Every structure is written in structure tokens, then in C-alpha cells.
RNA sequence: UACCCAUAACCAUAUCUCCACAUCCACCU
Ligand code: BEF
């Protein structure tokens with residue numbers, strides 16, 4: 001799902017996605033259309049997972065999605081510092097927390113892009129609010145990106161919850177040791193050295 | 001700093017973003033100081049080797065041999081208890097060798113292996129004198145009690161006491177005469193010593209070793225300096241100086257001046273010996289490359305390195321296990 | 001004199017080398033090493049008073 | 001040395017003679033301003049410039 | 001609360017590198 005982006009990128013991804021369902025909503029369109037399409041995608045995906053479906057949702061600009069929502073969001077009720085509705089995020093919050101794992105088959109995995117360090121209170125506030133809602137975080141630093149190094153992941157801040165649940169005891173314990181080792185290593189230099197180290201073998205092969 | 005985010009003159013004082021270093025020159029390494037926490041106390045060499053031994057005069061200790069031998073070699077000093085008798089009267093601060101000391105520490109003990117499957121003529125609680133024929137071929141050495149096992153003999157210069165009721169003193173406690181040992185007032189202690197109760201023959205054996213101070217080296221000195229009070233010593237030196245003639249009063253005043261100096265100057269002599277050793281700032285002992293990567297170093301660096309190695313070896317050794325001779 | 005001091009050092013060295021040596025066909029190599037005597041002579045000719 | 005000559009020893013006999021006169025600030029400048037006080041010598045050089 | 005009400009973030013201050021020590025030979029008292 002794509003919101004508030006440039007149409008040329010829409011064309012590029014759509015042709016280059018190799019048939020995967022790409023839904024787009026440019027900044028050209030009225031934001032009411034953006035909300036309409038986003039929520040229709042939401043309800044359709046909810047139905048599909050309700051049918052035990054495994055659904056992957058790739059959301060564009062989740063914090064800038066919050067900004068677009070605020071564009072759609074006039075009243076703010078009591079003016080929060082920044083100007084967002086009391087019930088605004090509850091639509092994004094439902095949309096996000098709906099992504100979950102069930103024992104009854106199927107799944108809903110939603111990964112979204114967050115725009116942060118944007119110099120304004122709204123984006124930082126949304127970053128904090130949805131920071132405590134997601135089960136995994138991936139920070140991408142400006143300094144890493146400016147050096148044209150991608151993926152420019154802020155490794156230290158990035159992480160998940162409940163590794164043992166998703167990762168076996170051998171796996172979870174061995175990356176327990178692995179984090180105990182790599183937590184000291186400096187970010188960019190970690191990039192080069194671990195890049196060289198893992199260019200030798202596949203991840204499992206590296207563990208092998 | 002290590003990273004350099006918050007460094008600039010608008011915001012040098014604001015704590016660094018990726019760092020925590022306040023802006024400063026290398027002069028900090030000229031003045032900032034280190035320290036080493038020794039696991040074992042040690043004494044400043046000056047106070048123990050100066051011609052007037054400050055330790056040797058503050059305490060009634062001979063500088064040339066006593067101070068060093070207790071402070072380096074395995075010798076024991078002890079304040080509290082010395083009333084145990086070895087053909088020699090009570091002890092208060094006397095210096096005794098660790099051989100005879102270790103002896104008096106745990107009684108007067110001798111052990112003799114016995115052949116298995118041979119029931120020696122000596123029973124569990126038999127008093128034995130020198131010359132008594134313990135077996136077709138075995139003879140003891142001194143008056144005491146011989147303990148029998150199936151297969152060993154234990155000759156202890158201790159006193160055994162049969163009893164048939166409950167125990168008042170359990171195994172481990174060291175007792176003074178008149179104190180109830182077992183069976184209430186029926187059995188009471190006769191001498192200083194430790195109590196061991198064996199219910200196999202239902203008997204209390206009392207050794208003649210009372211709980212006495214055992215110390216070596218600097219810690220001992222510290223203990224002494226911890227238990228020393230300056231004012232009483234000052235008064236005592238006053239009386240011991242005013243009354244007698246000139247010869248004794250000479251040394252009396254020679255130590256009284258030191259005691260008065262300690263008392264009136266503040267700093268108490270407990271920290272006269274040092275527990276944590278300071279470490280000079282690096283720039284006062286810098287390792288500077290000469291040529292070809294080789295580094296010329298001040299010998300201070302080597303001395304600190306040796307001290308660190310010894311201290312870490314001590315820490316490891318004391319952590320793992322205690323072979324006594326190796327520990328000393 | 002410096003030569004004979006170095007020579008005695010080499011003699012002690014070869015004594016030890018024989019001591020842990022097992023077989024006998026080792027006369028040139030496993031017996032004599034030039035380091036002690038050469039170092040002694042060099043030290044005498046360089047750093048002596 | 002190799003780079004620059006180095007200063008001159010001012011020892012103690014010279015110090016004794018300097019204080020034998022009534023010279024008070026001369027010795028003070030020559031012990032701190034011209035010899036050891038790093039901040040002092042930098043400030044003095046800047047001021048005289 | 002929204003008009004008042006709500007603000008805190010980004011850049012420019014410098015005497016040093018080695019020369020240590022040992023041995024030896026000289027010069028001036
Ligand atoms: F919002 Be937190 F994760 F409790």
C-alpha cells in the first residue's frame with residue numbers, strides 16, 4: 001500500500017513488483033481518497049485474514065501517513081501539542097495492531113515506513129506513540145544514509161521482541177551470544193566488518 | 001572527544017550526543033590520577049625501614065628483625081589471648097614462630113597410621129604414656145589419649161570425658177574451665193581448649209588450644225594500629241618517663257614524641273599502612289616511541305605492571321583455592 | 001677473555017643440548033649454536049668501556 | 001639539542017647570587033615566566049608581541 | 001484548549017614532535 005507519494009515511483013514499483021499487489025495513493029489525490037482506499041484495504045485484509053489468510057501489508061510512510069491523516073483530521077478536539085484528533089490514530093492504531101499472529105492459521109504481517117527526525121513535533125510524537133505499539137523497530141540514521149550506504153540501518157536501536165518464540169533455543173541462544181558480542185561494535189564499522197564476514201557464507205551457513 | 005557531536009563552542013558544555021567528554025587538553029592526563037585496590041594490606045616502606053622505625057617505635061616491636069620477619073616471613077603476633085602455657089607464661093604481644101604457633105593453635109597433635117584388619121591393643125579413649133606398648137611393636141611418645149579407628153591411631157595431649165546425657169557444648173566450640181560441657185553441671189570444662197563430641201563412644205574430648213589470634217604481615221600490623229589508642233599510651237609514657245632515671249626515659253621520650261606527634265597532628269596511625277596504592281598520571285611516566293615502533297618507557301610503568309600482575313595473581317589464587325604455603 | 005667467556009656459555013649450552021638429546025648423529029647442528037659467542041664478542045667490541 | 005640549542009643551566013649558585021642581590025622579580029620571572037609556567041610563558045610571549 | 005493561550009532546537013578559539021638514560025672522550029674553573 002502506497003500513500004502520499006510521487007506517481008513516477010508508483011509506476012516504477014508497479015512495473016518492478018513482478019505482479020505483487022501494489023496499491024498507491026499519490027499526494028496529488030485528495031486525502032479523502034487516501035483515507036477511503038486505505039480503510040478499504042484495511043477491511044478487505046481483515047476479511048481475508050478472518051478467512052485464515054496469510055497477508056503481507058507493506059504500508060508507505062506510516063508517520064507521514066499520520067501526517068496525511070491529520071490532513072484529513074480537522075478538529076483535533078482539545079488541541080494536542082501538534083494538532084491531532086483524540087480518535088485520529090485509533091484508525092491507524094486499529095489498522096496497525098490488527099496485524100497479529102493467530103494459532104488458527106493465516107497471519108497478518110504489516111511492515112510500514114516511518115518518517116522521523118523531521119524537525120516538527122507531530123512526527124516525533126507519532127514516532128513515540130507507534131514506537132510502543134510495534135513489536136519490531138528499524139531505525140535508519142541520516143548520517144548512514146548520507147554516505148550512500150544502504151541498508152542504512154541504525155543497528156543498535158533496531159530489534160524485536162520475544163526472539164525465543166520466533167527463533168529456536170539454539171537460534172535464540174546463539175544470537176544471545178551474538179548480540180553479547182556485536183553490541184560493542186560501532187555502527188558503520190560493524191557494517192563493513194560484518195558485511196565482509198557474512199559475504200563468506202549464508203546466514204545459516206555462517207552458523208553452520 | 002571519541003565521536004565529536006557536541007563539541008563546539010556554542011554547546012561544548014552540553015553533554016555530548018554519542019559521547020560524554022568535556023572539552024579539555026591532554027593536561028588532564030598530566031593531573032588525573034589512578035589507584036589500585038590491593039586485596040591485601042601493605043605498609044609504606046618508609047615507615048618500616050627508616051632508621052627510627054615509625055612502626056617499630058609506635059609499637060613495642062624490634063625494627064631490625066621482628067618487624068620485617070612478621071611483616072615478610074611467616075611469623076604470628078597476637079593481642080587478645082596468650083594465657084595458654086607452653087612452659088612459658090601468658091602472652092600479650094609476644095612474637096612466636098609459626099611452627100610452635102601452629103602447634104598450639106590446634107592442641108598437641110600426632111597421628112599414626114594403623115594396619116587395617118589388625119585390632120590394636122589401644123582402645124578409643126585410652127590414656128597413653130611414653131613407652132607403653134600399644135601393639136606387638138608400636139610405642140607412643142608422650143602422655144595423652146590415643147584414639148582408635150578400625151585403621152588409625154591419634155595421639156592427642158587432650159583430656160577425654162565420658163558422659164551419658166545430652167550435650168551442652170557441641171563440636172567446634174572452644175571452652176574455658178568451669179563452663180558446662182555436657183550433662184549439665186555433671187561435666188564442666190577444666191582447661192582452655194576446644195570441644196569435640198563423639199557419640200560413637202558418647203564422649204567429649206577437650207583439647208588444650210583456646211581461640212587465639214593468628215595473623216601474618218601487614219594485616220596484623222593494621223589490626224595492631226586499629227586497636228591502638230594514643231591517649232592511654234601517652235599517659236603511660238608520661239609516667240614511665242617521669243619516675244625512672246635517664247637511660248630508660250631516653251627511649252620513653254623518643255617514642256613519646258612520636259605518639260604526641262600522631263595525637264596532636266590529626267591523622268591517626270591506622271592508615272599509616274596503605275590499602276589502596278595511588279597510580280601516577282600517565283604523562284609523568286609516558287611511553288614514547290623512539291624509532292622503528294619501539295617504545296622507550298619510564299621504569300615506573302614497569303613497576304606498576306609488575307604490581308598489577310602480582311595483585312591479579314593474588315586475586316585469582318585467593319578466589320580459586322588456598323594452599324596455605326603457596327598463599328603465604 | 002671475552003672470547004673464552006662466550007665459549008664457556010656455548011659449552012653450557014651444548015651440555016644442555018646433549019642432556020635432552022637422544023640419538024648421537026647430531027654433531028654439527030644439534031650441538032653448537034653461534035648466538036652466545038658471537039653476541040658476546042659483538043657486545044665486547046661495541047659496548048665495552 | 002639537534003633541533004634547537006636548548007637553554008642554559010641556571011643551577012643554584014647562579015640562583016644564590018641572584019638572590020644575594022636584592023633581585024626579587026628577576027628570579028621570579030626566570031624561574032616561572034621564562035622556564036616553566038606554560039600558561040605564563042605563552043601569555044608573556046603574546047603580550048611582548 | 002483553538003485567536004491569547006503552545007515554543008525550544010542548528011555553526012566560529014592553537015606553541016608542539018622528538019629529545020630518556022647509560023657509557024666514553026674532551027673543554028672551562
Ligand atoms: F507502550 Be509500551 F510498549 F508499554
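The count begins at 1 with the first shown residue.
Every residue, even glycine, has its Cβ placed from backbone N, Cα and C.
Positions annotated as Zn(2+) 1 binding site by Swiss-Prot: B:1, B:3, B:16, B:19.
Here the features listed in Swiss-Prot are placed on the structure.
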residue	record	Cβ neighbours (10 Å)
B:1	Zn(2+) 1 binding site	15
B:3	Zn(2+) 1 binding site	13
B:16	Zn(2+) 1 binding site	18
B:19	Zn(2+) 1 binding site	14
Study note, to complete from the structure: Under a three-state DSSP reduction, the secondary structure at residue B:3 (Zn(2+) 1 binding site) is coil
Revision key, fill the gap. Within 8 Å of the Cβ centroid of B:1, B:3, B:16, B:19, the other same-chain residues by Cβ around the recorded Zn(2+) 1 site are B:2, B:4, B:5, B:6, B:7, B:17, B:18, B:20, B:21
